[PDB]
Structures are given as C-alpha cells and as structure tokens.
Amino acid sequence: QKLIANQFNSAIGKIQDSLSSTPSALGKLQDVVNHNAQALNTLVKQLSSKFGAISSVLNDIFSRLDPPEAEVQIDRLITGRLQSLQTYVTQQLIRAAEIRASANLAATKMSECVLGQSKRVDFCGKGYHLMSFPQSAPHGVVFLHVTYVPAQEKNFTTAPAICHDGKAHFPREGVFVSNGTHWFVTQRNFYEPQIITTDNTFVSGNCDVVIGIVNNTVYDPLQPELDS
Amino acid sequence: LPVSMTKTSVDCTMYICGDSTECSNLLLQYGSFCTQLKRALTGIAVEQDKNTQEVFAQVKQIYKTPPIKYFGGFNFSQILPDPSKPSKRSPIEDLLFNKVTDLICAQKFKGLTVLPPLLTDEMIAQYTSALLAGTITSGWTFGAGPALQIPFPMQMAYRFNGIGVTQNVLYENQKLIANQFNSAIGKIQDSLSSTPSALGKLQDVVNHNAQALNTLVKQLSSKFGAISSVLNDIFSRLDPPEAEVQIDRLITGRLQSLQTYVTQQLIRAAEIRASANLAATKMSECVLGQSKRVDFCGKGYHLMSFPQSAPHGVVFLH
Amino acid sequence: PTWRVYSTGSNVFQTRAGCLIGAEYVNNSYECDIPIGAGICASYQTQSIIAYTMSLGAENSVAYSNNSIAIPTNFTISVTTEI
Ligand SMILES: *[C@@H]1O[C@H](CO)[C@@H](O[C@@H]2O[C@H](CO)[C@@H](O)[C@H](O)[C@H]2NC(C)=O)[C@H](O)[C@H]1NC(C)=O
Ligand SMILES: *[C@@H]1O[C@H](CO)[C@@H](O[C@@H]2O[C@H](CO)[C@@H](O)[C@H](O)[C@H]2NC(C)=O)[C@H](O)[C@H]1NC(C)=O
Ligand SMILES: *[C@@H]1O[C@H](CO)[C@@H](O[C@@H]2O[C@H](CO)[C@@H](O)[C@H](O)[C@H]2NC(C)=O)[C@H](O)[C@H]1NC(C)=O
Ligand SMILES: *[C@@H]1O[C@H](CO)[C@@H](O[C@@H]2O[C@H](CO)[C@@H](O)[C@H](O)[C@H]2NC(C)=O)[C@H](O)[C@H]1NC(C)=O
Ligand SMILES: *[C@@H]1O[C@H](CO)[C@@H](O[C@@H]2O[C@H](CO)[C@@H](O)[C@H](O)[C@H]2NC(C)=O)[C@H](O)[C@H]1NC(C)=O
Ligand SMILES: *[C@@H]1O[C@H](CO)[C@@H](O[C@@H]2O[C@H](CO)[C@@H](O)[C@H](O)[C@H]2NC(C)=O)[C@H](O)[C@H]1NC(C)=O
C-alpha cells in the first residue's frame, strides 16, 4: 500500500509539469478557438471585395450615379455578400456536427471511465484501467486516466496440466510454472508462487489426452493432519 | 471498413480562367474564394493521413514471428506475409488488392490533381504483420505493456475462460479445434475470390471520388446565360466595356461549381472519418484483446481477430 | 517569381511525390518530422535539411517458445491525459 500511494503521487506531480512545458499539448482545444476567429475575420475582410462593381462602398455608388444605373452596380454587391453569408453558415453546420460527435464521446467517457471501471481496451488510458478524474478546460474537458502497467518480467517453464494418480489436474484461476526444480501455481498478472494442492486445482479426465502433461505431486491437505 | 479516400488538389485560377490572362486580372477582385478552397481541401488531405495513422499505428514496436511456424496445430499460413512475393503481402492480402481497382491526363490539364498518401502500401502491410505477430506470440499482453510470450494452446485456454467454457474443453479437443479453424480459414480465401462484389464497400469510395471529379470537368461546357462557353471567344469578339457583363456570369457560375464540389467533399470526409474511428476502435478491442460486447466482434462468442490491409480500408477476420 | 534554385550541386532528389531541391537524402531512418509524401519525411538536423525514409518503430522479436511463459514481478501506476 505504501509504495502504491507513492507511485500515484509522483505520477500526479508530473502532469502539472508536462502540460506546462509542452506547448502543443492543448492543440485540440486551441484549434476550436482559431477556426472560429479565422472564419469571422474572413467574413469581415470579405467586405472590401467589389464583386465586379466599380467600388466596395454603397454610399459612393449612390451619390455618383443615377438610380437606374446604381441598382446594377449594387446588385453585384448584394448578391456577392449574400453568397458570403450562405457559405459561412454552411461551414458552421459542418463544424457543429464534428463538435457534437466529440461531445457525445466525452459524455460516454464520463459515464464509463469516471463513473465506473472499464474493461474495453484503450478506451480509458493505455493499460489496465483503474479510475479516472475529470478537469474542466475552456470549450472542452480533460481526463486523467490512472492505469496499471506490469514491469520486470521473468522467464518460466510452463505446462498445461499436471498428472497425479492417473488423473489430470488443471489450475482453477492460475497458471503452472517452474523455476527449474519445483512446480508452482501462480496468478497470471503477478508472480506469487504457491504449492499445488487439491484446493486450487480441479480434476478432469485421465493422463493421456492432454498434450504436454507433466508428472508431479499434488499435495492433499486432509491427509497429514489426519495422521496426527 | 473504409479508412480513407483519395486526396485531391484543385488549381482555382487555371480551372476558372484557363489560359486567359484577361480573366486572371478580373479574378483578383472577387475576394478570397480560392484561398478558402485550398484551405478546405488541404484540411481534408491532412485528415486522410491521420485516419490511416490512427487505425494502423496501434503498436510502437515491430514484432516478428519466429523462423519455425508451429503453433500447436494452427496453420496461420494464409495470413502471414509471403517471402516469395516481392510485395511481402500475404496470399489473402494479395488477393484483396486485385479485387479492388486518357481520363487522368484530361483531368490534370484542367487543374485537377491527386496527391499520394504518406504511408505506402509496403508500410501499411508491415503494421499488419507486426500486429499479427504480436497477437500470436503474446496474446493481449502486448497491448497493455511489455509483450510477454505464451504458448498458443495455453493462450486459447485463456480465451475459452473468457466466454464461460472451462479449460479442459480445449485440451481434450485440441486436434478437432485446429482442423475446424484451418478449414474455416481456407473457405474464406475461396469464397472471397469467386465473388467480385464482396469488396463493394471500398469500390464505392473509389467510384464516388472519381465520379464527382468527372462531373466537375463536364461542368466547363455550360454557358450560364453567356453567349459562349469559351473565355477566348468572348474576349476576341466583344469590346471590354460590354464583355464584363458576360465574363462575370462565367466566373460566378464556375465559382459555384467549385464551391459545391468542396461542400460535398467535406461531407464525405465526415462520413469517412466516422468509419475510420470505428475501425480504430475495433482494432483496439477485437484485435488487441477479447471483447464481451455482443455482436461487436463478429457473430457468436468472440475468441480473437486478425487484421488485413486493403486499398483505402481494412478487413477483419473475426 | 524571379527566385531560382541552383538545380546543380544542391543535392536534387527524386521522389514519387515530385522533385525535392535543397535537401540531401541520407540512408538513415528517423521518426517523421515534416511529411513530404510516399514514405519520405524531412527534418532539420546537424545546419542542413535532410530527407529520409521514415521508420515505423524499433525492431523487436518476442522469444516465442514451445513451453515458455513470461510473468511480471512488479508494476507501475501511470497517469495520462486525454483532451
Ligand atoms: C525453485 O523454488 C524452490 C522453492 O522456493 C526452491 O527450493 C528452495 O531453495 C532454497 C535455496 O537454498 C532452499 O533454501 C529451500 O530449502 C528450498 N525449498 C525447499 C522446500 O526445499 C528452489 O531452489 C528453486 N529453484 C532454483 C533453481 O532456485
Ligand atoms: C514442441 O514443438 C514440436 C515441433 O516443433 C512439437 O512436435 C509435434 O507435436 C505434435 C503433437 O503430437 C505432433 O503431432 C507432431 O508430429 C510433432 N512434430 C511436429 C514437427 O509438429 C511438440 O509437440 C512441441 N512440444 C509441446 C510440449 O507442445
Ligand atoms: C508419469 O507417470 C506415469 C505412470 O502413471 C509413467 O508411465 C509409465 O512409464 C514407464 C516408463 O518410464 C512405463 O514402463 C510404465 O508402464 C508407464 N505406466 C505406468 C502405469 O507406470 C510416465 O512415464 C510418467 N511420466 C514420465 C515423463 O516419465
Ligand atoms: C497451411 O495451408 C496452406 C494452404 O491453405 C498449405 O499449403 C499447401 O501445401 C500443400 C503441400 O505443400 C500443397 O500441395 C498445396 O498446394 C498448398 N496450398 C496452397 C494454397 O499453396 C500449407 O501446407 C498449410 N500449412 C501446413 C503446415 O500444413
Ligand atoms: C526468455 O528466454 C528467451 C529464450 O532464450 C530469451 O530470448 C533471447 O534472449 C537473449 C538475451 O539477450 C537475446 O539476445 C535473444 O535475442 C533472445 N531471443 C529471441 C528469439 O529474441 C529471452 O530473452 C528470455 N527473457 C528475458 C526477459 O530475457
Ligand atoms: C518492485 O519495484 C519497487 C520500486 O519500483 C521496489 O521497491 C524498492 O525497494 C528498494 C529496497 O526494498 C528501495 O530502493 C525502495 O524502497 C524501492 N525503490 C524505489 C525507487 O522506491 C521493489 O523492491 C520491487 N520488488 C521486487 C520484487 O523486485
């Protein structure tokens, strides 16, 4: 417990530094800001285009021309500017659809990663998910995924079954391993050897169908204390 | 599942004005339309690179199968790379690239060109072989940390435990299970080769992009109320005073054709991106582990999956 | 515009995407920095711009065996962020 609490706290302490030092860590959220401003600048800047007219100023057109020849010149401006607004609204609808899809994924991750524990691979972090924490960011959300990652593996020799008394025994919730001299049964995700007894193994069949069975002794807990 | 589409680039000035220098002067006073079209099309082109990288670069190392290919009786020969072929594609992979498939030079002269993908077919085939080799020698352990080896029969005993069948069932039926798997793999090759519409979901991706470009080319013969559909004819026949009311119709009309094409392209990229997002999730959950979600990885009780590369898409064997 | 590349002694390289002028083609392999196309990337490295073939990742080989297994003896708690 003491070691695990230390590893968690060091991991938290690096997050404060990682986002601060890396400049493009929040590139996804900065993209939302930039695309919105760039669209509005383009809409504003597109007011100087003549669209084939003599000028881009309505007041100048009316003061210098007679009405029937003014309507021709301003029709290009009105039609040109109506096109700019239509294009702007069309792009907004396409952008809003992409944001909604990301919002739906964020709502799902909140319900599954934060409000529970997830068995889906790579949905909540890289590794075996433990829990998650939300943080609020401008126009978005940030998740801190806590995951369990194995390390420092070892070589072992393994067998699918163990033969004893002409009967084949299979592990209940572990795997048979051997360091070279003795045989143990251990959990898969962590090395914790134990003596192979009749409590953590179950018998099924005989000792010839299984390809790879091994002779060993399966300790019986009932017998030795009975002899006392 | 499709993963990406063709990346296209359009020359705004050449498509609208052709070789007329008179039109080029007049296109300047129509605003920043050609700047917007390039920016939109560039965004689509970069996104196509990201879709493939998101789906296939799921692993950070490049694994290899050991020289001896014996995995408890399971063959896997039809999915592992073929050293004899120079393309280094598996027999099923080589079959897929044949099923999925002047006009190009004519389009290039109007300003329509095509950019090549960043990841060549050789690189994408290596991702699939690295993923395939990892899942055979390790299981689901290479997707959550260091890759820890395990014999394949013992790996399959683990995968039966995940669906409610005890281990002894596999060990007492190992020869029967191996033959059923080999037969099922073999029938997949034959059934796929015979039917040409089996790879239909990726042909539609190829057809739509080529068909939309062709309509854009055929739009250059319209007149839009002008006297003629040739820029050179109008300028060599009318005085510059009165030629403006004619060229304006053609320039605006061709600007509408370009804008419509980009809008449809943006919508299609949105659909393709959703498909690429699903393909990436299936690789994470079907290929890099065992899924308990119903009907997500095949129909039945899921055991494992194998990816294959295909033109502009991916194929999963569940 | 008036600007011209020398085209001679400037290390002209031929790619499937096009003609790249002003970058030397090395035979090493690095992680992609600037995508050129068709498996070619570019990067600024030691006082020059070099072009190379991008490398998918570090080569590895799981020591698959007939009766061998690998089991961890330690673990790590990792916190990552998603935006
Ligand atoms: C495999 O594990 C067994 C059990 O831990 C080891 O047996 C022990 O070895 C130590 C070494 O001095 C002895 O002190 C113990 O008495 C042994 N246990 C028993 C019950 O006799 C064995 O040594 C290990 N194999 C190797 C190669 O180290
Ligand atoms: C170790 O590998 C060898 C081959 O590399 C396996 O030998 C095969 O075993 C099967 C099972 O009865 C036989 O049908 C084959 O004829 C054997 N030879 C070959 C070339 O396949 C051997 O089974 C493996 N050991 C274990 C414990 O699985
Ligand atoms: C595991 O134990 C069995 C006994 O049930 C061994 O089978 C015997 O093997 C010897 C040869 O060493 C034969 O002469 C006997 O007839 C076999 N049967 C019996 C009932 O003893 C088996 O050999 C052992 N495993 C290994 C690897 O030796
Ligand atoms: C794996 O399957 C392939 C084909 O599905 C087997 O390749 C066949 O091998 C035999 C004998 O070498 C040939 O007569 C066939 O023509 C081959 N088929 C093909 C399509 O080339 C291969 O033998 C199988 N693997 C093992 C270990 O048996
Ligand atoms: C487990 O055993 C295997 C079998 O030897 C080891 O594989 C070799 O390890 C050496 C050690 O440096 C490497 O040089 C070889 O390249 C490995 N072979 C292969 C095919 O990759 C393996 O290293 C052992 N496990 C550990 C953690 O060392
Ligand atoms: C598993 O790893 C931890 C650290 O990752 C090891 O704990 C170390 O223990 C030694 C002495 O017991 C001291 O250096 C520290 O208490 C720990 N190291 C650090 C850097 O904190 C632990 O011993 C490892 N367990 C095994 C079985 O190897």
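Residue numbers (PDB author numbering), protein chains in the order written: chain V, 917 to 1144; chain C, 724 to 824, 845 to 1061; chain L, 628 to 673, 687 to 723. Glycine included, every Cβ here is placed at the ideal spot set by N, Cα and C.
If only complete runs of 3 or more residues are kept, the stretch 1006 to 1088 of chain V shows the beta strand (DSSP E) at 1044 to 1053, 1056 to 1075, 1078 to 1080, 1083 to 1087, in order along the chain. In this structure, C/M897 places its C-beta atom within 9 angstroms of the C-beta atom of V/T1074. A straight line joining the alpha-carbon of V/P1137 with that of V/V1126 spans about 26 angstroms.
Where C/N911 is concerned, there is no enclosing beta strand (DSSP E), although the alpha helix (DSSP H) around it starts and stops at 911 to 914. Flagged as an interface residue toward chain V: L/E722, by a C-beta distance shorter than 9 angstroms.
A Cβ-Cβ distance of about 23 angstroms is found for the pair L/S701 and V/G1043, leaving them out of contact under the 8 angstroms criterion.
Going by beta carbons, C/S807 and C/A868 fall outside the 9 angstroms limit. Cβ-Cβ distances below 6 angstroms link C/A1053 to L819 in the same chain, with the five nearest sequence neighbours on each side left out; the list follows chain order.
Listed by position in the chain, the residues whose beta carbon lies within less than 5 angstroms of some heavy atom of ligand 5 are V/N1071, L/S701, L/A703. Relative to the non-hydrogen atoms of ligand 1, the Cβ of V/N1132 never comes closer than 8 angstroms to any of them.
With a threshold of 8 angstroms, the Cβ atom of V/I1078 does not count as near ligand 4, since no heavy atom of the ligand is closer than that.
Nearest Cα to V/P1050 within the set V/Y1064, V/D1038, V/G1032: V/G1032. When secondary structure is reduced to three states using DSSP, C/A887 falls in the coil class, being assigned neither helix nor strand. Put simply, the CB of C/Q1002 is near chain V, with a gap under 9 angstroms to one of its CB atoms. If you look at C/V769, you'll find it isn't in any beta strand (DSSP E); it sits in the alpha helix (DSSP H) that goes 757 to 779. Relative to C/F895, the option among V/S979, V/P1076, V/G943 whose CA is nearest is V/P1076. Within chain L, the residues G666, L696 have their CB atoms less than 7 angstroms from the CB of C/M866, given in chain order. Distance from the Cα of V/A1017 is smallest, within the candidate group C/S1018, C/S1034, C/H951, for C/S1018. CA-to-CA, the gap between L/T716 and V/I928 works out to about 13 angstroms. Among the residues facing chain L, V/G1128 is included, as its CB has a counterpart in that chain under 9 angstroms away. DSSP places C/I931 in no beta strand (DSSP E) but in the uninterrupted alpha helix (DSSP H) bounded by 917 to 937. If you check the C-beta of V/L919 against ligand 6, you find a heavy atom less than 8 angstroms away. Every residue whose Cβ sits closer than 5 angstroms to any heavy atom of ligand 2 is listed here in chain order: V/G1128, C/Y793, L/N706. Residues of the same chain with a CB within less than 8 angstroms of the CB of V/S1034, apart from the 5 flanking positions on each side, are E1028, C1040, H1045 in chain order. Buried is the label assigned to V/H1061, since at least 16 other Cβ atoms lie within 10 Å of its Cβ. Nearest to C/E1014 by alpha-carbon distance, out of C/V778, C/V948, C/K1025, is C/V948.
Shortest Cα-Cα distance from V/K1070 to any of V/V1091, V/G1090, V/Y1107 involves V/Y1107. Annotation: the continuous beta strand (DSSP E) that includes L/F715 extends over 708 to 722. With the rule of 3 Cβ pairs closer than 8 angstroms, the stretch 876 to 894 of chain C counts as touching the stretch 784 to 797 of chain C. In chain order, the residues that have a beta carbon nearer than 6 angstroms to some heavy atom of ligand 1 are V/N1095, V/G1096, V/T1097, V/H1098.
Beta-bridge partners assigned by DSSP to V/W1099: V/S1094.
Within its own chain, the residues whose Cβ lies closer than 8 angstroms to the Cβ of V/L945, once the five positions on either side in sequence are excluded, are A1053, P1054, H1055, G1056, listed in chain order.
Interface flag for L/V719 against chain C is unset, since no Cβ pair is found closer than 9 angstroms. Proximity to C/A1023 across C/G741, C/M737, C/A780, C/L749 peaks at C/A780, based on C-alpha coordinates. Identification of chain C residues near L/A644 by a Cβ-Cβ cut-off of 7 angstroms yields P859, ordered along the chain. Taking a Cβ-Cβ cut-off of 8 angstroms, V/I970 has no neighbours in chain C, whose nearest Cβ is about 11 angstroms from it.
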